[PDB]
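Here's the structure, in structure tokens; my notes come after.
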Protein chains: 2
Amino acid sequence: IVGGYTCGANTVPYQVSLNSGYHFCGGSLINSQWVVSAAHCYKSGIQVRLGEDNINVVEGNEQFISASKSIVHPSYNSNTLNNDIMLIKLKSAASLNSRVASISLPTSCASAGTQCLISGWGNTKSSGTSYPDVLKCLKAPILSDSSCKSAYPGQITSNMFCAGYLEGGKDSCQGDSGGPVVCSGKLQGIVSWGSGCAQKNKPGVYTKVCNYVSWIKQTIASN
Amino acid sequence: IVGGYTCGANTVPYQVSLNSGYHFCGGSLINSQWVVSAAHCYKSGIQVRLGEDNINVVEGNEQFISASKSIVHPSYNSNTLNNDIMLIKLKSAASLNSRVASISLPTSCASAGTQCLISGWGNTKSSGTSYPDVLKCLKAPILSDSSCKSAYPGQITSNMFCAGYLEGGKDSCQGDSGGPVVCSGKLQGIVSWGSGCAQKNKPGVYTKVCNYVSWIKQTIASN
Ligand SMILES: [Ca+2]
Ligand SMILES: [Ca+2]
Ligand SMILES: [Ca+2]
Ligand SMILES: [Ca+2]
Ligand SMILES: [Ca+2]
Ligand SMILES: [Ca+2]
Ligand SMILES: [Ca+2]
Ligand SMILES: [Ca+2]
Ligand SMILES: [Ca+2]
Ligand SMILES: [Ca+2]
Ligand SMILES: [Ca+2]
Ligand SMILES: [Ca+2]
């Protein structure tokens, strides 16, 4: 998160850290056994770390559950990052408590101007490379489809939204990938891509979770 | 209290006024020797005033007992106001009558929608400024964790819940800090913080007392 603030300890209980020795991607807990992330965050063997605030220090609220089944969307294109959504199943159900909780799936898609929470342990810098220990938060609005199409001409598909600022300064960055964009209590976006971080007329593009509620709901029942 | 009503005389017998030359914070009597307040209501010199209705006129039911022990929760953060709870021991035991009584600790956590009574000598305006002589009361519901987080993104932890109105108009304000949120006979909340007072989609944030019952019982027994 570039231009955001340090989240309060466990204020984002649905946020998980995808681990493979170190932190590489983010995700969101939607039930006791299922984490939803990004398809470009796929790798064979992921440890899902829940209840984190400081990813480099053990605090007492962490549940470390390895992935048992990593499912990528079948219609995922990695030329356009279309359908950039991934389902990860845990070994065991995670113990849902006051600081490890689930986020609701969208009952409807979110209008432009609606406010959302983007979170991650990703890069706080826009230039070289710099990673924070504590989770970072970004309050950003959903931009109209028109602004998104004009910011990335011929690039923003059906299954994409832009969330943030045309002025720049505030955006998600490298490492925030797969992370939650939660609007009005519902997971409306997954951190996908953008042109750099916090650039002018270059807001972050996010996966439309509302297009995949049936696919997720079916896949969860399936497996 | 903004948008509340003037409390009946001694209708809130567990309500106390923290004094340090003048009213600044509130508290709740949980036994004859212990007042529970907020950690951000800390001061090295507190006189605990019990049995008050008009804090500016001596009425005859008042017990003025200086604080002997002000104990702040050890894991208290005053950047995020997490663990915003404080225990105050009196010099002398308070004389428990019909106008000075104890409030019960929560036997269980409170559901969303349950109604509660918030009380205080804090500011009655959401606009300018007005501080009352007489205690003020507010009937307000417990909001869902989702609504609280949606109102304060990256700010509401485990140990915080929201009590009030997304519509606005009714809320606690500056000067109500440390005061009781009592639901169905039990102390479920302590007046902590919020973004202004009585603003739209900005309800008051309160310390979740049900998370600290063991800490209170132990701290009181220890000391
Ligand atoms: Ca940690
Ligand atoms: Ca292609
Ligand atoms: Ca840091
Ligand atoms: Ca008042
Ligand atoms: Ca009165
Ligand atoms: Ca007791
Ligand atoms: Ca008086
Ligand atoms: Ca003593
Ligand atoms: Ca402390
Ligand atoms: Ca004394
Ligand atoms: Ca009690
Ligand atoms: Ca609610």
Among residues of the range B:194-208, those that are within 18 Å of the chain's Cα centre (by Cα) and either surrounded by fewer than 19 Cβ atoms within 10 Å (Cβ to Cβ) or without any contact (Cβ under 8 Å) to a residue 12 or more places away in the chain (or both), counted: 2
Filtered residue count, the range A:113-140, keeping only those that are among the β-branched types (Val, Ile, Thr), over 19 Å from residue A:167 (Cβ atoms) and crowded, with 24+ Cβ neighbours inside 10 Å: 0
Listing of strands (runs of 3 or more DSSP E) fully contained in the range A:128-223 that carry 1 or more residues being β-branched (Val, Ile, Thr) and on the phi < 0 side of the Ramachandran plot: A:180-183, A:186-193, A:204-208
First in the range A:1-28 and under 18 Å from residue A:39 (Cβ atoms) and free of Cβ contacts under 8 Å to residues at least 40 places away in the same chain, second anywhere and basic (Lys, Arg) and away from ligand 1 (no atom under 14 Å from the Cβ), Cβ under 7 Å, 6 or more apart: A:20/A:43
Residue identified as in contact with a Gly (Cβ under 8 Å, 6 or more places away or on another chain) and either among the basic types (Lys, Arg) or under 29 Å from residue A:55 (Cβ atoms) (or both) among A:134, A:209: A:209
Leading residue by the ranking (surrounded by the most Cβ atoms within 10 Å (Cβ to Cβ)) among those in the range B:53-74 that are within 16 Å of ligand 5 (Cβ to nearest atom), closer than 15 Å to residue B:97 by Cβ and touching a residue at least 12 places away in the same chain (Cβ under 8 Å): B:53
Scope the range B:177-220; condition over 13 Å from residue B:30 (Cβ atoms), among the hydrophobic types (A, V, I, L, M, F, W, C) and away from chain A (no Cβ under 14 Å); matching residues: B:181, B:183, B:191, B:197, B:198
Near pairs, Cβ below 9 angstrom, 6+ apart or cross-chain, from the range B:141-163 (more than 10 Å from chain A (Cβ to nearest Cβ)) to any residue that is part of a helix (DSSP H, G or I) and polar (S, T, N, Q): B:162/B:147
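Looking at B:150, B:126 in this structure, which one is assigned by CATH to the domain that holds residue B:183, within 16 Å of ligand 12 (Cβ to nearest atom) and not aliphatic (A, V, I, L, M)?
B:150
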Residue pairs meeting the criteria (Cβ under 7 Å; at least 6 apart or on separate chains; first of a type in the set (D, E, K, R), in the range B:172-190; second part of a loop (DSSP other than H, G, I, E, B)): B:176/B:1; B:176/B:122; B:186/B:105; B:186/B:106; B:186/B:107
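The values are calculated or read from the model by the stated rules, or taken from the named source; these are not laboratory values. Cβ coordinates were reconstructed from backbone atoms using ideal geometry, including for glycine residues, and neighbour counts include every protein chain displayed.
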